[PDB]
Number of protein chains: 2
Amino acid sequence: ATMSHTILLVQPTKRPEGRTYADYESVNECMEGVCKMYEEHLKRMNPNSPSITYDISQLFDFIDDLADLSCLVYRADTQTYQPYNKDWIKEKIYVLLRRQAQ
Amino acid sequence: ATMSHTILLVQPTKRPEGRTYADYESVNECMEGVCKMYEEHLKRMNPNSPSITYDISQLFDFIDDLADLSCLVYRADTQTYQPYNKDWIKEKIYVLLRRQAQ
């Protein structure tokens, strides 16, 4: 399925407080959501800018600073959600951006 | 598996804001978590009481007031998470409490 419902789980600290999630229609939209979450963090540091560019290493460092980050992707074959860890998310984003033109 | 990792997804309103989740070692612990979430809500309404009892209909009304509530239960056979909706959670809690002695 090109578009599989995806659930992003964000765990900022080691505790049960502040754990949040978001729902997306696809893995692609989900990966953009991870990037949008970083962009929003950056926008808080530069309140007057329309958008802040960044390198992937900062984004990955950011993802690494979370107590945890993971996603769940719906699989039509089993009607269940396949889980993927933070490293899988980073690779995914990497490949999706590397598709600047590679 | 008597103890399957369970993820509780709470969506208080129709929007992406405020969606939160919690991780539990079993479906049982998860159902207690749903009840604990209501109890904490009740404790805010009666700040001086150690604990507030309630009937199941109020708890269910409460669950029904959420834009959404669902859980995901890990299945060792497929290494994926089985999703269940709010009605499944309510029945589950119902049966677990009905086990006062029935």
# chains A, B, ... in the order shown; residues from 1 in each chain; ligands from 1
call {"tool": "select_by_dssp", "arguments": {"residues": "range 25-101 of chain B", "states": "strand (DSSP E)", "output": "list in words"}}
result
residues 68, 69, 70, 71, 72, 73, 74, 75, 80, 81, 82, 83 and 84 of chain B
call {"tool": "write_last_selection", "arguments": {"atoms": "C-alpha atoms", "output": "PDB file, in the first residue's frame"}}
result
ATOM      1  CA  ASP B  68     -10.894   9.014  20.524  1.00  0.00           C
ATOM      2  CA  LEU B  69      -9.379   6.252  22.655  1.00  0.00           C
ATOM      3  CA  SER B  70      -7.696   3.105  21.372  1.00  0.00           C
ATOM      4  CA  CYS B  71      -4.974   0.620  22.199  1.00  0.00           C
ATOM      5  CA  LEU B  72      -2.428  -1.492  20.389  1.00  0.00           C
ATOM      6  CA  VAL B  73      -1.412  -4.886  21.689  1.00  0.00           C
ATOM      7  CA  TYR B  74       1.835  -6.603  20.673  1.00  0.00           C
ATOM      8  CA  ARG B  75       1.394 -10.043  19.086  1.00  0.00           C
ATOM      9  CA  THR B  80       3.199  -6.534  15.084  1.00  0.00           C
ATOM     10  CA  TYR B  81       0.622  -4.633  17.141  1.00  0.00           C
ATOM     11  CA  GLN B  82      -3.032  -5.556  17.045  1.00  0.00           C
ATOM     12  CA  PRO B  83      -5.303  -2.426  17.255  1.00  0.00           C
ATOM     13  CA  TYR B  84      -8.512  -2.272  19.234  1.00  0.00           C
TER      14      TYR B  84
END
call {"tool": "interface_residues", "arguments": {"of": "chain B", "to": "chain A", "cutoff": "9 Å", "atoms": "only C-alpha atoms", "output": "PyMOL selection string"}}
result
chain B and resi 9-10+16-23+72+78-83
call {"tool": "calpha_fit_and_write", "arguments": {"fixed": "chain B", "moving": "chain A", "output": "PDB file with N, CA and C atoms, in the first residue's frame"}}
result
ATOM      1  N   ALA A   1       0.249 -14.729  24.974  1.00  0.00           N
ATOM      2  CA  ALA A   1       1.135 -14.079  25.985  1.00  0.00           C
ATOM      3  C   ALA A   1       0.276 -13.382  27.036  1.00  0.00           C
ATOM      4  N   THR A   2       0.440 -13.795  28.287  1.00  0.00           N
ATOM      5  CA  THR A   2      -0.325 -13.231  29.381  1.00  0.00           C
ATOM      6  C   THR A   2       0.002 -11.758  29.490  1.00  0.00           C
ATOM      7  N   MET A   3       1.247 -11.419  29.201  1.00  0.00           N
ATOM      8  CA  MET A   3       1.717 -10.041  29.262  1.00  0.00           C
ATOM      9  C   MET A   3       2.199  -9.566  27.884  1.00  0.00           C
ATOM     10  N   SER A   4       1.360  -8.832  27.169  1.00  0.00           N
ATOM     11  CA  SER A   4       1.766  -8.336  25.863  1.00  0.00           C
ATOM     12  C   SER A   4       1.866  -6.823  25.975  1.00  0.00           C
ATOM     13  N   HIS A   5       3.008  -6.273  25.576  1.00  0.00           N
ATOM     14  CA  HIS A   5       3.209  -4.837  25.614  1.00  0.00           C
ATOM     15  C   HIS A   5       1.989  -4.168  24.997  1.00  0.00           C
ATOM     16  N   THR A   6       1.466  -3.153  25.666  1.00  0.00           N
ATOM     17  CA  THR A   6       0.267  -2.506  25.165  1.00  0.00           C
ATOM     18  C   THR A   6       0.445  -0.992  25.092  1.00  0.00           C
ATOM     19  N   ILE A   7      -0.027  -0.398  24.007  1.00  0.00           N
ATOM     20  CA  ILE A   7       0.067   1.030  23.838  1.00  0.00           C
ATOM     21  C   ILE A   7      -1.320   1.643  23.860  1.00  0.00           C
ATOM     22  N   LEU A   8      -1.531   2.599  24.767  1.00  0.00           N
ATOM     23  CA  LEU A   8      -2.800   3.285  24.883  1.00  0.00           C
ATOM     24  C   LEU A   8      -2.711   4.654  24.169  1.00  0.00           C
ATOM     25  N   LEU A   9      -3.618   4.907  23.242  1.00  0.00           N
ATOM     26  CA  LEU A   9      -3.620   6.170  22.494  1.00  0.00           C
ATOM     27  C   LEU A   9      -4.817   6.996  22.926  1.00  0.00           C
ATOM     28  N   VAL A  10      -4.555   8.197  23.437  1.00  0.00           N
ATOM     29  CA  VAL A  10      -5.634   9.089  23.924  1.00  0.00           C
ATOM     30  C   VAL A  10      -5.730  10.357  23.075  1.00  0.00           C
ATOM     31  N   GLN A  11      -6.921  10.620  22.550  1.00  0.00           N
ATOM     32  CA  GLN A  11      -7.149  11.766  21.696  1.00  0.00           C
ATOM     33  C   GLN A  11      -8.322  12.531  22.297  1.00  0.00           C
ATOM     34  N   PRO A  12      -8.014  13.521  23.127  1.00  0.00           N
ATOM     35  CA  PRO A  12      -9.045  14.326  23.784  1.00  0.00           C
ATOM     36  C   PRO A  12      -9.919  15.146  22.838  1.00  0.00           C
ATOM     37  N   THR A  13      -9.340  15.784  21.819  1.00  0.00           N
ATOM     38  CA  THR A  13     -10.181  16.567  20.907  1.00  0.00           C
ATOM     39  C   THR A  13      -9.950  16.216  19.449  1.00  0.00           C
ATOM     40  N   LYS A  14     -10.825  16.697  18.563  1.00  0.00           N
ATOM     41  CA  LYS A  14     -10.745  16.413  17.122  1.00  0.00           C
ATOM     42  C   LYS A  14      -9.452  16.851  16.427  1.00  0.00           C
ATOM     43  N   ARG A  15      -8.631  17.614  17.126  1.00  0.00           N
ATOM     44  CA  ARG A  15      -7.405  18.128  16.545  1.00  0.00           C
ATOM     45  C   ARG A  15      -6.110  17.376  16.918  1.00  0.00           C
ATOM     46  N   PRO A  16      -5.009  17.656  16.198  1.00  0.00           N
ATOM     47  CA  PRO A  16      -3.723  17.000  16.477  1.00  0.00           C
ATOM     48  C   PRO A  16      -3.104  17.407  17.816  1.00  0.00           C
ATOM     49  N   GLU A  17      -3.663  18.430  18.459  1.00  0.00           N
ATOM     50  CA  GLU A  17      -3.115  18.892  19.731  1.00  0.00           C
ATOM     51  C   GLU A  17      -3.621  18.112  20.929  1.00  0.00           C
ATOM     52  N   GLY A  18      -2.713  17.816  21.858  1.00  0.00           N
ATOM     53  CA  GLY A  18      -3.082  17.094  23.071  1.00  0.00           C
ATOM     54  C   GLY A  18      -3.156  15.572  22.973  1.00  0.00           C
ATOM     55  N   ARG A  19      -2.843  14.991  21.808  1.00  0.00           N
ATOM     56  CA  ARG A  19      -2.889  13.528  21.680  1.00  0.00           C
ATOM     57  C   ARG A  19      -1.742  12.977  22.496  1.00  0.00           C
ATOM     58  N   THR A  20      -2.035  12.041  23.392  1.00  0.00           N
ATOM     59  CA  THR A  20      -0.981  11.476  24.240  1.00  0.00           C
ATOM     60  C   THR A  20      -1.039   9.950  24.330  1.00  0.00           C
ATOM     61  N   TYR A  21       0.032   9.303  24.766  1.00  0.00           N
ATOM     62  CA  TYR A  21      -0.066   7.861  24.844  1.00  0.00           C
ATOM     63  C   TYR A  21       0.722   7.406  26.035  1.00  0.00           C
ATOM     64  N   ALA A  22       0.547   6.143  26.405  1.00  0.00           N
ATOM     65  CA  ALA A  22       1.263   5.539  27.536  1.00  0.00           C
ATOM     66  C   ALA A  22       1.594   4.082  27.134  1.00  0.00           C
ATOM     67  N   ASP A  23       2.691   3.537  27.671  1.00  0.00           N
ATOM     68  CA  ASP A  23       3.156   2.171  27.418  1.00  0.00           C
ATOM     69  C   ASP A  23       2.922   1.315  28.664  1.00  0.00           C
ATOM     70  N   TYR A  24       2.451   0.080  28.476  1.00  0.00           N
ATOM     71  CA  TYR A  24       2.173  -0.848  29.592  1.00  0.00           C
ATOM     72  C   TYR A  24       2.679  -2.244  29.221  1.00  0.00           C
ATOM     73  N   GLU A  25       3.007  -3.048  30.240  1.00  0.00           N
ATOM     74  CA  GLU A  25       3.530  -4.399  30.046  1.00  0.00           C
ATOM     75  C   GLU A  25       2.426  -5.419  29.709  1.00  0.00           C
ATOM     76  N   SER A  26       1.164  -5.030  29.878  1.00  0.00           N
ATOM     77  CA  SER A  26       0.048  -5.930  29.581  1.00  0.00           C
ATOM     78  C   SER A  26      -1.253  -5.191  29.328  1.00  0.00           C
ATOM     79  N   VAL A  27      -2.213  -5.914  28.784  1.00  0.00           N
ATOM     80  CA  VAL A  27      -3.547  -5.361  28.543  1.00  0.00           C
ATOM     81  C   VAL A  27      -4.216  -4.961  29.885  1.00  0.00           C
ATOM     82  N   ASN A  28      -3.977  -5.761  30.926  1.00  0.00           N
ATOM     83  CA  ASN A  28      -4.533  -5.519  32.270  1.00  0.00           C
ATOM     84  C   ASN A  28      -4.038  -4.182  32.830  1.00  0.00           C
ATOM     85  N   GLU A  29      -2.721  -3.988  32.787  1.00  0.00           N
ATOM     86  CA  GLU A  29      -2.115  -2.768  33.269  1.00  0.00           C
ATOM     87  C   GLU A  29      -2.668  -1.605  32.438  1.00  0.00           C
ATOM     88  N   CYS A  30      -2.809  -1.825  31.145  1.00  0.00           N
ATOM     89  CA  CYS A  30      -3.368  -0.798  30.283  1.00  0.00           C
ATOM     90  C   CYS A  30      -4.803  -0.377  30.693  1.00  0.00           C
ATOM     91  N   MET A  31      -5.658  -1.366  30.967  1.00  0.00           N
ATOM     92  CA  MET A  31      -7.043  -1.085  31.368  1.00  0.00           C
ATOM     93  C   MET A  31      -7.088  -0.329  32.710  1.00  0.00           C
ATOM     94  N   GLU A  32      -6.147  -0.639  33.609  1.00  0.00           N
ATOM     95  CA  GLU A  32      -6.052   0.040  34.903  1.00  0.00           C
ATOM     96  C   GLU A  32      -5.613   1.475  34.610  1.00  0.00           C
ATOM     97  N   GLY A  33      -4.781   1.640  33.582  1.00  0.00           N
ATOM     98  CA  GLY A  33      -4.325   2.971  33.228  1.00  0.00           C
ATOM     99  C   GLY A  33      -5.489   3.823  32.759  1.00  0.00           C
ATOM    100  N   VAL A  34      -6.413   3.227  32.009  1.00  0.00           N
ATOM    101  CA  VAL A  34      -7.567   3.991  31.527  1.00  0.00           C
ATOM    102  C   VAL A  34      -8.357   4.470  32.756  1.00  0.00           C
ATOM    103  N   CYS A  35      -8.598   3.547  33.688  1.00  0.00           N
ATOM    104  CA  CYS A  35      -9.325   3.838  34.936  1.00  0.00           C
ATOM    105  C   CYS A  35      -8.566   4.877  35.808  1.00  0.00           C
ATOM    106  N   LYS A  36      -7.239   4.777  35.853  1.00  0.00           N
ATOM    107  CA  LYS A  36      -6.438   5.729  36.607  1.00  0.00           C
ATOM    108  C   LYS A  36      -6.524   7.120  36.003  1.00  0.00           C
ATOM    109  N   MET A  37      -6.650   7.184  34.682  1.00  0.00           N
ATOM    110  CA  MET A  37      -6.769   8.469  34.036  1.00  0.00           C
ATOM    111  C   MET A  37      -8.096   9.115  34.464  1.00  0.00           C
ATOM    112  N   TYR A  38      -9.159   8.322  34.605  1.00  0.00           N
ATOM    113  CA  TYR A  38     -10.436   8.898  35.012  1.00  0.00           C
ATOM    114  C   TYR A  38     -10.347   9.320  36.500  1.00  0.00           C
ATOM    115  N   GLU A  39      -9.811   8.444  37.333  1.00  0.00           N
ATOM    116  CA  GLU A  39      -9.632   8.711  38.744  1.00  0.00           C
ATOM    117  C   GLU A  39      -8.875  10.042  38.948  1.00  0.00           C
ATOM    118  N   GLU A  40      -7.798  10.271  38.177  1.00  0.00           N
ATOM    119  CA  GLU A  40      -7.037  11.521  38.290  1.00  0.00           C
ATOM    120  C   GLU A  40      -7.925  12.705  37.907  1.00  0.00           C
ATOM    121  N   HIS A  41      -8.774  12.518  36.906  1.00  0.00           N
ATOM    122  CA  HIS A  41      -9.683  13.587  36.538  1.00  0.00           C
ATOM    123  C   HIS A  41     -10.631  13.877  37.727  1.00  0.00           C
ATOM    124  N   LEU A  42     -11.115  12.817  38.363  1.00  0.00           N
ATOM    125  CA  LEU A  42     -12.034  12.964  39.484  1.00  0.00           C
ATOM    126  C   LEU A  42     -11.352  13.627  40.669  1.00  0.00           C
ATOM    127  N   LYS A  43     -10.099  13.272  40.919  1.00  0.00           N
ATOM    128  CA  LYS A  43      -9.351  13.838  42.024  1.00  0.00           C
ATOM    129  C   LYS A  43      -9.139  15.336  41.890  1.00  0.00           C
ATOM    130  N   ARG A  44      -9.187  15.842  40.664  1.00  0.00           N
ATOM    131  CA  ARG A  44      -9.023  17.268  40.435  1.00  0.00           C
ATOM    132  C   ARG A  44     -10.312  17.989  40.802  1.00  0.00           C
ATOM    133  N   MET A  45     -11.415  17.254  40.807  1.00  0.00           N
ATOM    134  CA  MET A  45     -12.695  17.846  41.156  1.00  0.00           C
ATOM    135  C   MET A  45     -12.951  17.778  42.643  1.00  0.00           C
ATOM    136  N   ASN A  46     -12.220  16.909  43.341  1.00  0.00           N
ATOM    137  CA  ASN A  46     -12.346  16.799  44.798  1.00  0.00           C
ATOM    138  C   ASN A  46     -10.909  16.657  45.285  1.00  0.00           C
ATOM    139  N   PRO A  47     -10.190  17.778  45.342  1.00  0.00           N
ATOM    140  CA  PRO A  47      -8.794  17.867  45.751  1.00  0.00           C
ATOM    141  C   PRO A  47      -8.410  17.376  47.142  1.00  0.00           C
ATOM    142  N   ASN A  48      -9.369  17.221  48.046  1.00  0.00           N
ATOM    143  CA  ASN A  48      -9.016  16.791  49.404  1.00  0.00           C
ATOM    144  C   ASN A  48      -9.225  15.311  49.708  1.00  0.00           C
ATOM    145  N   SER A  49      -9.838  14.607  48.767  1.00  0.00           N
ATOM    146  CA  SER A  49     -10.117  13.183  48.945  1.00  0.00           C
ATOM    147  C   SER A  49      -8.987  12.259  48.476  1.00  0.00           C
ATOM    148  N   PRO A  50      -8.682  11.190  49.252  1.00  0.00           N
ATOM    149  CA  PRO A  50      -7.612  10.260  48.871  1.00  0.00           C
ATOM    150  C   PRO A  50      -8.010   9.500  47.598  1.00  0.00           C
ATOM    151  N   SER A  51      -9.287   9.125  47.497  1.00  0.00           N
ATOM    152  CA  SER A  51      -9.802   8.426  46.323  1.00  0.00           C
ATOM    153  C   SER A  51     -11.304   8.642  46.117  1.00  0.00           C
ATOM    154  N   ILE A  52     -11.718   8.710  44.855  1.00  0.00           N
ATOM    155  CA  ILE A  52     -13.121   8.905  44.524  1.00  0.00           C
ATOM    156  C   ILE A  52     -13.664   7.692  43.769  1.00  0.00           C
ATOM    157  N   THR A  53     -14.726   7.103  44.312  1.00  0.00           N
ATOM    158  CA  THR A  53     -15.334   5.938  43.690  1.00  0.00           C
ATOM    159  C   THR A  53     -16.231   6.475  42.607  1.00  0.00           C
ATOM    160  N   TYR A  54     -16.615   5.619  41.676  1.00  0.00           N
ATOM    161  CA  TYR A  54     -17.471   6.057  40.601  1.00  0.00           C
ATOM    162  C   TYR A  54     -18.134   4.856  39.997  1.00  0.00           C
ATOM    163  N   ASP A  55     -19.217   5.080  39.261  1.00  0.00           N
ATOM    164  CA  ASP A  55     -19.861   3.948  38.627  1.00  0.00           C
ATOM    165  C   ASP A  55     -19.325   3.865  37.204  1.00  0.00           C
ATOM    166  N   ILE A  56     -19.418   2.677  36.625  1.00  0.00           N
ATOM    167  CA  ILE A  56     -18.917   2.410  35.294  1.00  0.00           C
ATOM    168  C   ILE A  56     -19.533   3.298  34.210  1.00  0.00           C
ATOM    169  N   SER A  57     -20.798   3.658  34.388  1.00  0.00           N
ATOM    170  CA  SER A  57     -21.470   4.505  33.410  1.00  0.00           C
ATOM    171  C   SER A  57     -20.840   5.884  33.269  1.00  0.00           C
ATOM    172  N   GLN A  58     -20.281   6.397  34.364  1.00  0.00           N
ATOM    173  CA  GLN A  58     -19.637   7.707  34.340  1.00  0.00           C
ATOM    174  C   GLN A  58     -18.304   7.554  33.599  1.00  0.00           C
ATOM    175  N   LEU A  59     -17.590   6.485  33.911  1.00  0.00           N
ATOM    176  CA  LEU A  59     -16.311   6.195  33.258  1.00  0.00           C
ATOM    177  C   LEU A  59     -16.543   6.029  31.757  1.00  0.00           C
ATOM    178  N   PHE A  60     -17.572   5.273  31.391  1.00  0.00           N
ATOM    179  CA  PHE A  60     -17.865   5.055  29.971  1.00  0.00           C
ATOM    180  C   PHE A  60     -18.305   6.326  29.277  1.00  0.00           C
ATOM    181  N   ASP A  61     -19.044   7.163  29.996  1.00  0.00           N
ATOM    182  CA  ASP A  61     -19.486   8.444  29.458  1.00  0.00           C
ATOM    183  C   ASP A  61     -18.223   9.268  29.209  1.00  0.00           C
ATOM    184  N   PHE A  62     -17.286   9.168  30.140  1.00  0.00           N
ATOM    185  CA  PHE A  62     -16.026   9.902  30.057  1.00  0.00           C
ATOM    186  C   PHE A  62     -15.249   9.445  28.808  1.00  0.00           C
ATOM    187  N   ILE A  63     -15.112   8.131  28.644  1.00  0.00           N
ATOM    188  CA  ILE A  63     -14.414   7.563  27.484  1.00  0.00           C
ATOM    189  C   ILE A  63     -15.109   8.038  26.194  1.00  0.00           C
ATOM    190  N   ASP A  64     -16.441   8.092  26.222  1.00  0.00           N
ATOM    191  CA  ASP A  64     -17.203   8.530  25.063  1.00  0.00           C
ATOM    192  C   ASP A  64     -17.007  10.015  24.746  1.00  0.00           C
ATOM    193  N   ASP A  65     -16.607  10.808  25.739  1.00  0.00           N
ATOM    194  CA  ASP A  65     -16.384  12.238  25.539  1.00  0.00           C
ATOM    195  C   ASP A  65     -15.034  12.548  24.866  1.00  0.00           C
ATOM    196  N   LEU A  66     -14.157  11.552  24.809  1.00  0.00           N
ATOM    197  CA  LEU A  66     -12.875  11.741  24.153  1.00  0.00           C
ATOM    198  C   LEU A  66     -13.092  11.714  22.644  1.00  0.00           C
ATOM    199  N   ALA A  67     -12.353  12.526  21.877  1.00  0.00           N
ATOM    200  CA  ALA A  67     -12.520  12.462  20.407  1.00  0.00           C
ATOM    201  C   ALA A  67     -12.179  11.004  20.048  1.00  0.00           C
ATOM    202  N   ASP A  68     -11.203  10.428  20.742  1.00  0.00           N
ATOM    203  CA  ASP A  68     -10.894   9.014  20.524  1.00  0.00           C
ATOM    204  C   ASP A  68     -10.013   8.361  21.580  1.00  0.00           C
ATOM    205  N   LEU A  69     -10.161   7.041  21.713  1.00  0.00           N
ATOM    206  CA  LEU A  69      -9.379   6.252  22.655  1.00  0.00           C
ATOM    207  C   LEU A  69      -9.168   4.875  22.004  1.00  0.00           C
ATOM    208  N   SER A  70      -7.934   4.412  21.957  1.00  0.00           N
ATOM    209  CA  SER A  70      -7.696   3.105  21.372  1.00  0.00           C
ATOM    210  C   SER A  70      -6.425   2.533  21.941  1.00  0.00           C
ATOM    211  N   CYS A  71      -6.190   1.242  21.720  1.00  0.00           N
ATOM    212  CA  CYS A  71      -4.974   0.620  22.199  1.00  0.00           C
ATOM    213  C   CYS A  71      -4.430  -0.326  21.158  1.00  0.00           C
ATOM    214  N   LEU A  72      -3.152  -0.641  21.319  1.00  0.00           N
ATOM    215  CA  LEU A  72      -2.428  -1.492  20.389  1.00  0.00           C
ATOM    216  C   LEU A  72      -1.771  -2.520  21.251  1.00  0.00           C
ATOM    217  N   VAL A  73      -1.980  -3.783  20.905  1.00  0.00           N
ATOM    218  CA  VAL A  73      -1.412  -4.886  21.689  1.00  0.00           C
ATOM    219  C   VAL A  73      -0.420  -5.731  20.864  1.00  0.00           C
ATOM    220  N   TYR A  74       0.810  -5.846  21.352  1.00  0.00           N
ATOM    221  CA  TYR A  74       1.835  -6.603  20.673  1.00  0.00           C
ATOM    222  C   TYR A  74       1.487  -8.103  20.548  1.00  0.00           C
ATOM    223  N   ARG A  75       1.671  -8.629  19.352  1.00  0.00           N
ATOM    224  CA  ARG A  75       1.394 -10.043  19.086  1.00  0.00           C
ATOM    225  C   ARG A  75       2.717 -10.693  18.726  1.00  0.00           C
ATOM    226  N   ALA A  76       3.183 -11.618  19.559  1.00  0.00           N
ATOM    227  CA  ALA A  76       4.462 -12.289  19.316  1.00  0.00           C
ATOM    228  C   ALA A  76       4.495 -13.103  18.011  1.00  0.00           C
ATOM    229  N   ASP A  77       3.347 -13.623  17.606  1.00  0.00           N
ATOM    230  CA  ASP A  77       3.258 -14.427  16.398  1.00  0.00           C
ATOM    231  C   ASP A  77       3.623 -13.676  15.117  1.00  0.00           C
ATOM    232  N   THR A  78       3.258 -12.398  15.027  1.00  0.00           N
ATOM    233  CA  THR A  78       3.546 -11.616  13.832  1.00  0.00           C
ATOM    234  C   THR A  78       4.534 -10.492  14.101  1.00  0.00           C
ATOM    235  N   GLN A  79       4.892 -10.315  15.361  1.00  0.00           N
ATOM    236  CA  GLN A  79       5.777  -9.241  15.748  1.00  0.00           C
ATOM    237  C   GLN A  79       5.181  -7.912  15.284  1.00  0.00           C
ATOM    238  N   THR A  80       3.877  -7.771  15.453  1.00  0.00           N
ATOM    239  CA  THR A  80       3.199  -6.534  15.084  1.00  0.00           C
ATOM    240  C   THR A  80       2.219  -6.203  16.205  1.00  0.00           C
ATOM    241  N   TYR A  81       1.561  -5.052  16.110  1.00  0.00           N
ATOM    242  CA  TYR A  81       0.622  -4.633  17.141  1.00  0.00           C
ATOM    243  C   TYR A  81      -0.784  -4.737  16.658  1.00  0.00           C
ATOM    244  N   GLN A  82      -1.621  -5.451  17.412  1.00  0.00           N
ATOM    245  CA  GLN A  82      -3.032  -5.556  17.045  1.00  0.00           C
ATOM    246  C   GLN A  82      -3.783  -4.329  17.606  1.00  0.00           C
ATOM    247  N   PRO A  83      -4.562  -3.609  16.774  1.00  0.00           N
ATOM    248  CA  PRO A  83      -5.303  -2.426  17.255  1.00  0.00           C
ATOM    249  C   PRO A  83      -6.708  -2.746  17.719  1.00  0.00           C
ATOM    250  N   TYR A  84      -7.156  -2.081  18.765  1.00  0.00           N
ATOM    251  CA  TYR A  84      -8.512  -2.272  19.234  1.00  0.00           C
ATOM    252  C   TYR A  84      -9.110  -0.888  19.490  1.00  0.00           C
ATOM    253  N   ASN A  85     -10.397  -0.734  19.185  1.00  0.00           N
ATOM    254  CA  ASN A  85     -11.075   0.542  19.359  1.00  0.00           C
ATOM    255  C   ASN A  85     -11.645   0.780  20.781  1.00  0.00           C
ATOM    256  N   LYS A  86     -12.261   1.938  20.970  1.00  0.00           N
ATOM    257  CA  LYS A  86     -12.790   2.322  22.268  1.00  0.00           C
ATOM    258  C   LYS A  86     -13.847   1.361  22.797  1.00  0.00           C
ATOM    259  N   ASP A  87     -14.726   0.865  21.930  1.00  0.00           N
ATOM    260  CA  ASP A  87     -15.741  -0.088  22.380  1.00  0.00           C
ATOM    261  C   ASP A  87     -15.086  -1.358  22.925  1.00  0.00           C
ATOM    262  N   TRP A  88     -14.011  -1.809  22.287  1.00  0.00           N
ATOM    263  CA  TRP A  88     -13.320  -3.004  22.783  1.00  0.00           C
ATOM    264  C   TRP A  88     -12.737  -2.745  24.184  1.00  0.00           C
ATOM    265  N   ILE A  89     -12.217  -1.533  24.381  1.00  0.00           N
ATOM    266  CA  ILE A  89     -11.611  -1.174  25.668  1.00  0.00           C
ATOM    267  C   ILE A  89     -12.674  -1.175  26.773  1.00  0.00           C
ATOM    268  N   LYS A  90     -13.833  -0.594  26.472  1.00  0.00           N
ATOM    269  CA  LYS A  90     -14.917  -0.554  27.447  1.00  0.00           C
ATOM    270  C   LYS A  90     -15.396  -1.941  27.860  1.00  0.00           C
ATOM    271  N   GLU A  91     -15.601  -2.823  26.872  1.00  0.00           N
ATOM    272  CA  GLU A  91     -16.022  -4.199  27.173  1.00  0.00           C
ATOM    273  C   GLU A  91     -14.971  -4.837  28.059  1.00  0.00           C
ATOM    274  N   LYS A  92     -13.705  -4.672  27.669  1.00  0.00           N
ATOM    275  CA  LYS A  92     -12.602  -5.252  28.411  1.00  0.00           C
ATOM    276  C   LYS A  92     -12.604  -4.827  29.865  1.00  0.00           C
ATOM    277  N   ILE A  93     -12.769  -3.534  30.081  1.00  0.00           N
ATOM    278  CA  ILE A  93     -12.806  -3.031  31.434  1.00  0.00           C
ATOM    279  C   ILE A  93     -14.030  -3.619  32.153  1.00  0.00           C
ATOM    280  N   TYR A  94     -15.157  -3.624  31.459  1.00  0.00           N
ATOM    281  CA  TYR A  94     -16.394  -4.146  32.025  1.00  0.00           C
ATOM    282  C   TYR A  94     -16.168  -5.568  32.546  1.00  0.00           C
ATOM    283  N   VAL A  95     -15.616  -6.427  31.696  1.00  0.00           N
ATOM    284  CA  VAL A  95     -15.421  -7.788  32.110  1.00  0.00           C
ATOM    285  C   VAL A  95     -14.417  -7.877  33.220  1.00  0.00           C
ATOM    286  N   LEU A  96     -13.380  -7.049  33.183  1.00  0.00           N
ATOM    287  CA  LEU A  96     -12.375  -7.134  34.238  1.00  0.00           C
ATOM    288  C   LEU A  96     -12.886  -6.717  35.612  1.00  0.00           C
ATOM    289  N   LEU A  97     -13.803  -5.763  35.645  1.00  0.00           N
ATOM    290  CA  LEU A  97     -14.368  -5.307  36.907  1.00  0.00           C
ATOM    291  C   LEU A  97     -15.482  -6.261  37.323  1.00  0.00           C
ATOM    292  N   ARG A  98     -16.326  -6.649  36.372  1.00  0.00           N
ATOM    293  CA  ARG A  98     -17.413  -7.576  36.671  1.00  0.00           C
ATOM    294  C   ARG A  98     -16.805  -8.721  37.438  1.00  0.00           C
ATOM    295  N   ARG A  99     -15.509  -8.900  37.258  1.00  0.00           N
ATOM    296  CA  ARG A  99     -14.841  -9.918  38.015  1.00  0.00           C
ATOM    297  C   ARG A  99     -14.600  -9.442  39.409  1.00  0.00           C
ATOM    298  N   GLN A 100     -15.577  -8.727  39.959  1.00  0.00           N
ATOM    299  CA  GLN A 100     -15.513  -8.295  41.319  1.00  0.00           C
ATOM    300  C   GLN A 100     -15.623  -9.778  41.693  1.00  0.00           C
ATOM    301  N   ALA A 101     -16.814 -10.366  41.609  1.00  0.00           N
ATOM    302  CA  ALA A 101     -16.860 -11.809  41.860  1.00  0.00           C
ATOM    303  C   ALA A 101     -17.531 -12.707  40.802  1.00  0.00           C
ATOM    304  N   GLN A 102     -18.270 -12.118  39.866  1.00  0.00           N
ATOM    305  CA  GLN A 102     -18.941 -12.935  38.833  1.00  0.00           C
ATOM    306  C   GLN A 102     -17.919 -13.841  38.169  1.00  0.00           C
TER     307      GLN A 102
END
call {"tool": "select_by_dssp", "arguments": {"residues": "chain A", "states": "helix (DSSP H, G or I)", "output": "PyMOL selection string"}}
result
chain A and resi 27-45+56-65+86-98
